[PDB]
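Pasted below: model-v7.cif, mmCIF, C-alpha atoms.
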```cif
data_data
loop_
_atom_site.label_atom_id
_atom_site.label_comp_id
_atom_site.auth_asym_id
_atom_site.auth_seq_id
_atom_site.Cartn_x
_atom_site.Cartn_y
_atom_site.Cartn_z
CA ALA P 1 24.85 10.88 25.61
CA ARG P 2 21.55 11.14 27.45
CA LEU P 3 18.63 11.24 25.03
CA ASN P 4 15.06 11.72 26.26
CA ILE P 5 12.79 9.43 24.24
CA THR P 6 9.02 9.03 24.38
CA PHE P 7 7.78 5.46 23.75
CA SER P 8 4.40 4.01 22.97
CA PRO P 9 3.58 1.26 25.51
CA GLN P 10 4.10 -1.54 22.97
CA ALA P 11 7.28 -0.01 21.53
CA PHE P 12 8.72 0.16 25.05
CA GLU P 13 7.98 -3.52 25.72
CA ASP P 14 9.82 -4.39 22.48
CA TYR P 15 12.72 -2.06 23.33
CA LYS P 16 12.98 -3.70 26.76
CA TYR P 17 12.85 -7.12 25.09
CA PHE P 18 15.70 -6.19 22.75
CA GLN P 19 17.62 -4.77 25.72
CA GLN P 20 17.70 -8.17 27.41
CA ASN P 21 17.71 -10.62 24.48
CA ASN P 22 19.16 -8.94 21.35
CA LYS P 23 21.98 -6.47 21.94
CA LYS P 24 22.84 -5.92 18.28
CA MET P 25 19.28 -4.65 17.73
CA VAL P 26 19.15 -2.25 20.69
CA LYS P 27 22.52 -0.91 19.52
CA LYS P 28 21.15 -0.33 16.01
CA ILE P 29 17.99 1.31 17.37
CA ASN P 30 20.08 3.60 19.58
CA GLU P 31 22.19 4.52 16.55
CA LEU P 32 19.08 5.41 14.54
CA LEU P 33 17.80 7.57 17.41
CA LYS P 34 21.16 9.38 17.57
CA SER P 35 21.00 9.98 13.80
CA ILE P 36 17.44 11.32 14.07
CA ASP P 37 18.51 13.68 16.86
CA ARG P 38 21.53 15.10 15.05
CA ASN P 39 20.31 15.03 11.46
CA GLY P 40 16.54 15.41 11.62
CA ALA P 41 13.76 13.03 10.81
CA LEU P 42 14.60 12.61 7.10
CA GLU P 43 18.42 12.50 7.12
CA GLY P 44 20.96 9.88 8.14
CA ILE P 45 21.30 6.13 8.36
CA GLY P 46 18.41 3.74 7.99
CA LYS P 47 16.92 5.01 4.73
CA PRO P 48 14.44 7.45 6.32
CA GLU P 49 11.08 7.62 4.58
CA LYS P 50 7.85 9.53 5.12
CA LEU P 51 4.84 7.30 5.77
CA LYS P 52 1.41 7.80 4.22
CA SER P 53 -2.19 6.64 4.77
CA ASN P 54 -3.07 6.53 8.48
CA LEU P 55 0.67 6.66 9.26
CA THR P 56 0.87 10.21 7.90
CA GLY P 57 3.16 12.31 10.06
CA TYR P 58 5.42 9.40 10.94
CA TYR P 59 8.64 8.09 9.47
CA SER P 60 10.37 4.73 9.19
CA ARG P 61 14.01 3.75 9.37
CA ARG P 62 15.38 0.26 8.85
CA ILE P 63 16.57 -1.54 11.95
CA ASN P 64 17.23 -4.46 9.60
CA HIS P 65 15.60 -5.98 6.54
CA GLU P 66 12.59 -6.97 8.67
CA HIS P 67 12.19 -4.53 11.55
CA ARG P 68 11.42 -0.84 11.28
CA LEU P 69 11.80 2.07 13.66
CA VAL P 70 8.54 3.99 13.24
CA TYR P 71 8.78 7.44 14.79
CA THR P 72 7.93 11.13 14.64
CA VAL P 73 9.54 14.33 15.91
CA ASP P 74 7.55 16.86 17.92
CA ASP P 75 9.17 20.11 19.04
CA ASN P 76 12.61 18.53 18.58
CA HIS P 77 11.53 15.53 20.68
CA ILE P 78 11.60 12.00 19.31
CA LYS P 79 8.59 9.73 19.79
CA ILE P 80 8.67 6.03 18.93
CA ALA P 81 5.55 4.23 17.76
CA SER P 82 7.26 0.91 16.98
CA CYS P 83 10.68 -0.74 16.91
CA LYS P 84 9.70 -4.33 16.02
CA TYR P 85 7.40 -5.90 13.44
CA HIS P 86 4.31 -7.45 15.03
CA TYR P 87 2.72 -10.60 13.64
CA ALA K 1 -30.06 -15.43 -15.23
CA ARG K 2 -28.76 -18.31 -13.15
CA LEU K 3 -25.09 -17.89 -12.24
CA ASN K 4 -23.40 -20.23 -9.75
CA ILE K 5 -21.31 -18.16 -7.34
CA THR K 6 -19.07 -19.22 -4.45
CA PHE K 7 -19.12 -16.79 -1.51
CA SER K 8 -16.91 -16.60 1.56
CA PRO K 9 -18.93 -16.76 4.76
CA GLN K 10 -18.59 -13.03 5.48
CA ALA K 11 -19.07 -11.99 1.87
CA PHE K 12 -22.32 -13.96 1.84
CA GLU K 13 -23.60 -12.35 5.05
CA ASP K 14 -22.93 -8.95 3.46
CA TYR K 15 -24.60 -9.99 0.19
CA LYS K 16 -27.66 -11.11 2.16
CA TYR K 17 -27.58 -7.86 4.11
CA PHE K 18 -27.65 -5.85 0.86
CA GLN K 19 -30.49 -8.07 -0.39
CA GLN K 20 -32.85 -6.99 2.40
CA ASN K 21 -31.66 -3.42 2.93
CA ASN K 22 -29.86 -2.07 -0.18
CA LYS K 23 -31.22 -3.33 -3.50
CA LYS K 24 -29.35 -0.58 -5.32
CA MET K 25 -26.18 -2.36 -4.18
CA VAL K 26 -27.22 -5.94 -4.97
CA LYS K 27 -28.13 -4.83 -8.49
CA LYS K 28 -24.67 -3.31 -8.95
CA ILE K 29 -22.94 -6.40 -7.54
CA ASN K 30 -25.00 -8.65 -9.83
CA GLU K 31 -24.06 -6.54 -12.85
CA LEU K 32 -20.38 -6.78 -11.90
CA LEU K 33 -20.73 -10.57 -11.59
CA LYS K 34 -22.38 -10.79 -15.02
CA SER K 35 -19.55 -8.69 -16.47
CA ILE K 36 -16.90 -10.94 -14.91
CA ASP K 37 -18.71 -13.99 -16.32
CA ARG K 38 -18.92 -12.61 -19.85
CA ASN K 39 -15.73 -10.58 -20.19
CA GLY K 40 -13.26 -12.27 -17.86
CA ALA K 41 -11.73 -11.11 -14.64
CA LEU K 42 -9.93 -8.06 -16.09
CA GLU K 43 -12.43 -6.71 -18.63
CA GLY K 44 -15.66 -4.78 -18.22
CA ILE K 45 -17.39 -2.41 -15.84
CA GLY K 46 -16.15 -1.48 -12.40
CA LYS K 47 -12.51 -0.69 -13.25
CA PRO K 48 -11.10 -4.20 -12.70
CA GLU K 49 -7.65 -4.31 -11.13
CA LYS K 50 -5.28 -7.07 -10.07
CA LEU K 51 -4.46 -7.01 -6.35
CA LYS K 52 -0.98 -7.45 -4.88
CA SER K 53 0.59 -8.32 -1.51
CA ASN K 54 -1.38 -11.02 0.33
CA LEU K 55 -4.32 -10.36 -2.02
CA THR K 56 -2.33 -11.74 -4.96
CA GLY K 57 -4.56 -13.79 -7.22
CA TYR K 58 -7.63 -11.68 -6.52
CA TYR K 59 -9.17 -8.72 -8.28
CA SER K 60 -11.11 -5.61 -7.33
CA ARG K 61 -14.07 -3.98 -9.00
CA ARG K 62 -15.87 -0.90 -7.74
CA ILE K 63 -19.37 -1.32 -6.37
CA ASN K 64 -19.26 2.40 -5.59
CA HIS K 65 -16.64 4.88 -4.40
CA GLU K 66 -16.51 3.03 -1.07
CA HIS K 67 -17.15 -0.68 -1.55
CA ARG K 68 -15.24 -3.19 -3.64
CA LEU K 69 -16.13 -6.55 -5.11
CA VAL K 70 -13.02 -8.60 -4.29
CA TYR K 71 -13.02 -11.83 -6.26
CA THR K 72 -11.15 -14.43 -8.27
CA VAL K 73 -11.94 -16.89 -11.06
CA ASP K 74 -11.09 -20.60 -10.83
CA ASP K 75 -11.76 -22.89 -13.81
CA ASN K 76 -14.27 -20.30 -15.03
CA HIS K 77 -16.09 -20.15 -11.71
CA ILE K 78 -16.36 -16.88 -9.82
CA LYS K 79 -15.43 -16.76 -6.14
CA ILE K 80 -16.29 -13.74 -3.99
CA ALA K 81 -14.06 -12.83 -1.06
CA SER K 82 -15.81 -9.55 -0.20
CA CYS K 83 -18.53 -7.21 -1.41
CA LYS K 84 -18.58 -4.66 1.43
CA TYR K 85 -15.88 -2.69 3.24
CA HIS K 86 -15.38 -3.80 6.86
CA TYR K 87 -14.55 -1.23 9.54
CA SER E 1 -11.69 8.76 -10.67
CA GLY E 2 -8.41 7.17 -9.67
CA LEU E 3 -6.88 7.06 -6.22
CA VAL E 4 -4.13 9.42 -5.11
CA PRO E 5 -2.26 9.74 -1.81
CA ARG E 6 -3.19 12.55 0.51
CA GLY E 7 -1.58 15.80 -0.55
CA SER E 8 -0.87 14.56 -4.07
CA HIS E 9 -2.42 15.54 -7.39
CA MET E 10 -2.48 13.46 -10.55
CA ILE E 11 -1.58 15.22 -13.80
CA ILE E 12 -2.25 13.71 -17.24
CA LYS E 13 0.09 14.31 -20.17
CA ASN E 14 0.62 12.56 -23.48
CA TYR E 15 3.75 10.80 -24.64
CA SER E 16 5.00 13.53 -26.98
CA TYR E 17 4.65 16.21 -24.31
CA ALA E 18 6.26 13.97 -21.70
CA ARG E 19 9.26 13.08 -23.85
CA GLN E 20 9.91 16.74 -24.68
CA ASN E 21 9.50 17.87 -21.06
CA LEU E 22 10.77 14.86 -19.12
CA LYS E 23 13.22 16.84 -16.97
CA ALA E 24 10.55 19.39 -16.05
CA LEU E 25 8.19 16.55 -15.07
CA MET E 26 10.89 14.88 -12.95
CA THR E 27 11.29 18.21 -11.13
CA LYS E 28 7.52 18.64 -10.76
CA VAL E 29 6.83 15.27 -9.13
CA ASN E 30 9.75 15.81 -6.73
CA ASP E 31 8.96 19.40 -5.77
CA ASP E 32 5.18 19.28 -5.38
CA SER E 33 4.32 15.65 -4.46
CA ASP E 34 2.43 15.28 -7.73
CA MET E 35 2.20 12.33 -10.10
CA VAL E 36 2.02 12.24 -13.88
CA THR E 37 0.06 9.74 -15.92
CA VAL E 38 1.69 9.69 -19.35
CA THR E 39 -0.72 8.46 -22.03
CA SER E 40 -0.01 6.61 -25.24
CA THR E 41 -2.05 6.15 -28.41
CA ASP E 42 -2.39 2.45 -27.49
CA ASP E 43 -3.28 3.10 -23.83
CA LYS E 44 -0.07 1.39 -22.62
CA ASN E 45 0.28 4.24 -20.16
CA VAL E 46 2.60 4.84 -17.22
CA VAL E 47 2.60 6.77 -13.96
CA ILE E 48 5.65 8.84 -12.97
CA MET E 49 6.23 9.58 -9.28
CA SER E 50 9.20 10.74 -7.25
CA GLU E 51 11.48 7.98 -6.00
CA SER E 52 10.72 9.24 -2.49
CA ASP E 53 6.95 8.89 -2.90
CA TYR E 54 7.57 5.47 -4.40
CA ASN E 55 9.61 4.36 -1.38
CA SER E 56 6.98 5.90 0.92
CA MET E 57 4.19 3.89 -0.74
CA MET E 58 6.11 0.59 -0.54
CA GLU E 59 7.20 1.27 3.05
CA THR E 60 3.59 2.07 4.00
CA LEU E 61 2.40 -1.08 2.25
CA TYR E 62 5.02 -3.19 4.02
CA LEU E 63 4.03 -1.91 7.45
CA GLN E 64 0.28 -2.14 6.89
CA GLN E 65 0.01 -5.46 5.07
CA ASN E 66 -0.02 -7.59 8.23
CA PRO E 67 -3.25 -6.74 10.07
CA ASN E 68 -1.55 -7.35 13.43
CA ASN E 69 1.31 -4.99 12.68
CA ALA E 70 -1.15 -2.44 11.28
CA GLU E 71 -3.17 -2.64 14.50
CA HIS E 72 -0.01 -2.36 16.62
CA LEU E 73 0.93 0.81 14.71
CA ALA E 74 -2.56 2.33 14.84
CA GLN E 75 -2.89 1.66 18.57
CA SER E 76 0.63 2.95 19.27
CA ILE E 77 0.12 6.17 17.31
CA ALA E 78 -3.18 6.66 19.14
CA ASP E 79 -1.40 6.14 22.47
CA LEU E 80 1.27 8.71 21.62
CA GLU E 81 -1.36 11.27 20.62
CA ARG E 82 -3.23 10.83 23.92
CA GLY E 83 -0.15 10.89 26.14
CA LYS E 84 -0.49 7.23 27.22
CA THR E 85 3.26 6.96 26.90
CA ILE E 86 6.52 5.99 28.57
CA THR E 87 9.27 8.62 28.65
CA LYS E 88 12.75 7.41 29.54
CA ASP E 89 16.27 8.75 29.39
CA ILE E 90 18.27 6.27 27.31
CA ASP E 91 22.04 6.53 26.86
CA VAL E 92 22.86 6.67 23.17
CA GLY W 1 14.54 -1.06 -2.26
CA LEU W 2 11.17 -2.78 -2.05
CA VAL W 3 9.54 -4.22 -5.15
CA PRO W 4 6.16 -5.89 -5.65
CA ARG W 5 6.27 -9.64 -6.00
CA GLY W 6 6.88 -10.55 -9.62
CA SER W 7 8.39 -7.16 -10.43
CA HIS W 8 11.98 -6.09 -11.04
CA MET W 9 13.40 -2.59 -10.66
CA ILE W 10 15.57 -1.25 -13.49
CA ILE W 11 17.89 1.74 -13.09
CA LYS W 12 18.49 4.17 -15.96
CA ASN W 13 19.81 7.72 -16.13
CA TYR W 14 17.87 10.65 -17.49
CA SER W 15 19.37 11.22 -20.95
CA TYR W 16 18.79 7.53 -21.65
CA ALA W 17 15.19 7.57 -20.40
CA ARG W 18 14.21 10.62 -22.45
CA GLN W 19 15.70 9.07 -25.59
CA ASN W 20 14.11 5.66 -24.95
CA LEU W 21 10.95 6.82 -23.20
CA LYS W 22 8.52 4.93 -25.43
CA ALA W 23 10.55 1.72 -25.14
CA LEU W 24 10.50 2.01 -21.34
CA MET W 25 6.73 2.60 -21.32
CA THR W 26 6.32 -0.64 -23.27
CA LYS W 27 8.74 -2.47 -20.96
CA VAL W 28 6.99 -1.63 -17.69
CA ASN W 29 3.60 -2.47 -19.20
CA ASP W 30 4.65 -5.76 -20.81
CA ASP W 31 6.83 -7.24 -18.07
CA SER W 32 5.47 -5.52 -14.94
CA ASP W 33 8.92 -4.07 -14.31
CA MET W 34 9.64 -0.60 -12.95
CA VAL W 35 12.30 1.92 -13.89
CA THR W 36 14.07 4.33 -11.58
CA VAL W 37 15.30 7.21 -13.73
CA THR W 38 18.25 8.92 -12.06
CA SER W 39 19.02 12.64 -12.17
CA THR W 40 22.41 14.30 -11.80
CA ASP W 41 20.90 16.10 -8.79
CA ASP W 42 19.28 13.03 -7.20
CA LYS W 43 15.75 14.25 -8.01
CA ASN W 44 14.88 10.81 -9.29
CA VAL W 45 11.58 9.28 -10.39
CA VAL W 46 10.03 5.83 -10.60
CA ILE W 47 8.09 4.83 -13.73
CA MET W 48 5.48 2.08 -13.51
CA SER W 49 2.60 0.94 -15.66
CA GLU W 50 -0.68 2.69 -14.95
CA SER W 51 -2.10 -0.76 -14.16
CA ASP W 52 0.54 -1.48 -11.52
CA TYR W 53 -0.03 1.96 -10.01
CA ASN W 54 -3.78 1.34 -9.82
CA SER W 55 -3.10 -2.12 -8.35
CA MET W 56 -0.87 -0.66 -5.62
CA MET W 57 -3.38 2.05 -4.66
CA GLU W 58 -6.24 -0.49 -4.69
CA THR W 59 -4.22 -2.87 -2.51
CA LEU W 60 -3.37 0.00 -0.16
CA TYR W 61 -7.03 1.08 0.06
CA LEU W 62 -8.21 -2.43 0.92
CA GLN W 63 -5.46 -3.24 3.42
CA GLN W 64 -5.25 0.11 5.18
CA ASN W 65 -8.06 -0.59 7.64
CA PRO W 66 -6.89 -3.45 9.88
CA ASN W 67 -10.46 -4.74 10.17
CA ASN W 68 -11.03 -4.82 6.43
CA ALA W 69 -7.59 -6.38 5.99
CA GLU W 70 -8.52 -9.15 8.44
CA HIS W 71 -11.91 -9.63 6.77
CA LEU W 72 -10.16 -10.09 3.41
CA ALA W 73 -7.48 -12.41 4.85
CA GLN W 74 -9.99 -14.64 6.63
CA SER W 75 -12.32 -14.75 3.62
CA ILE W 76 -9.55 -15.71 1.18
CA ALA W 77 -8.38 -18.35 3.67
CA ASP W 78 -11.98 -19.61 3.87
CA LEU W 79 -12.27 -19.80 0.08
CA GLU W 80 -9.01 -21.73 -0.28
CA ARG W 81 -10.17 -24.25 2.35
CA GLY W 82 -13.60 -24.99 0.91
CA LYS W 83 -15.20 -23.17 3.87
CA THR W 84 -17.72 -21.59 1.55
CA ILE W 85 -21.31 -20.89 0.58
CA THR W 86 -22.37 -21.86 -2.94
CA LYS W 87 -25.57 -20.27 -4.24
CA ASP W 88 -27.22 -19.97 -7.61
CA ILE W 89 -28.16 -16.31 -8.10
CA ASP W 90 -30.10 -14.59 -10.87
CA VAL W 91 -28.99 -11.31 -12.39
#
```
Please express what this file holds, its structure, as structure tokens.
Amino acid sequence: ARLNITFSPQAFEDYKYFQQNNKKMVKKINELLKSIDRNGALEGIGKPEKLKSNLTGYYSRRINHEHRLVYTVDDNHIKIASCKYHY
Amino acid sequence: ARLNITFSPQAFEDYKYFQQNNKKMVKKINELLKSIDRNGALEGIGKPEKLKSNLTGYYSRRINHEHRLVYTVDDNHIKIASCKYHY
Amino acid sequence: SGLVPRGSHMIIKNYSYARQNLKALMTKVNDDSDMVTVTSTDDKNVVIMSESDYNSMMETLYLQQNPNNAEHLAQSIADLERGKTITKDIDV
Amino acid sequence: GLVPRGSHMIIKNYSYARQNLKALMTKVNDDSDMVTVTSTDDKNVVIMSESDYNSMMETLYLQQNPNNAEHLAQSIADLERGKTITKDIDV
């Protein structure tokens, strides 16, 4: 199922990293993106939540206990700000 | 009058800045410090609050709507982490 | 003058009112993104917010508390707003 | 769910909370715990002490600007390491 996704530069680098080095995580991310597409930004797996403060307008879903998918939806198009916690 | 205070490097630079350029602010900070000395870390003017997350162990008091006195108390000695909001 | 998230309004009620009207207050904080400070004679007060707003606050805190992650998010959201982006078909 | 360090989340349903509201207000103030009150229709709420609410919003305010957050982190690291300035000041 082709899904057109817009990445931030840093989110893409992390997605590419997961693609090569952590398959269970790219699988989970892809599942969250599918759920966002079918169900909308606030429904489905990953415990969707609205973000506040300067993250207003974005949402987070749990990739795992540590990593979050931070995204928004614009004209039915998914945009990813982050898919990995940066330290 | 005399009150021995431990500053962080950056908190001190900001305190010295206020000294030359904003005596309204140094007066407020000094009053907050006197209140901490007399009343303890959680009592007195400035709406004292305990901080959480990585600021655990420190407190905030309001210098004005914008700036916070971020501090802690160790064996009855006041330590200042910040007295000006950094952008 | 307490702090309140954008788009939220703090309401103040006393304990007797709140206990009589608890269900209505639970509806109010959920429907309108408002919060209720319930007062007590002995100032041992509480704040009532929707579970969703609670989770939002803790999720926001979690993401922002590491300055490096906060900067990664701020930069990335700025990139997306300016079209400095990468668009890719991914098979899902 | 996420919980501030040193806090514990308690789950109660609505009938219970409205009967025991004063006891729960004491509990969250005394022990820095928090209570999720559940609703038959999932329109739930979280009850916390006013102090813990103010603490969370104050923490948010201070941390929300990455530059202020780094200024606080570095300064608290400086203070813990003795990397400090000690001055007598008059009030």
Using only C-alpha atoms, select each residue of chain E with any atom at most 8 Å away from an atom of chain P, and give the selection as a PyMOL selection string.
-> chain E and resi 5-6+52+55-57+59-60+63+66-69+72-74+76-77+79-80+84-92
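When CA of residue 15 in chain K is paired with CA of residue 71 in chain E, their separation reads 26.8 Å.
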Computed interatomic separation between CA of residue 3 in chain E and CA of residue 46 in chain E (Å) =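 We find that CA of residue 3 in chain E and CA of residue 46 in chain E lie 14.7 Å from each other.
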Å distance separating CA of residue 45 in chain E from CA of residue 36 in chain K, one decimal place | 23.5 Å
Do me a favour and pick out the residues of chain W within 7 Å of chain E, using all atoms listed in the file, as a ChimeraX atom specification.
-> /W:2,18,21,25-26,29,43-50,53,57,60,63-64,66,69-70
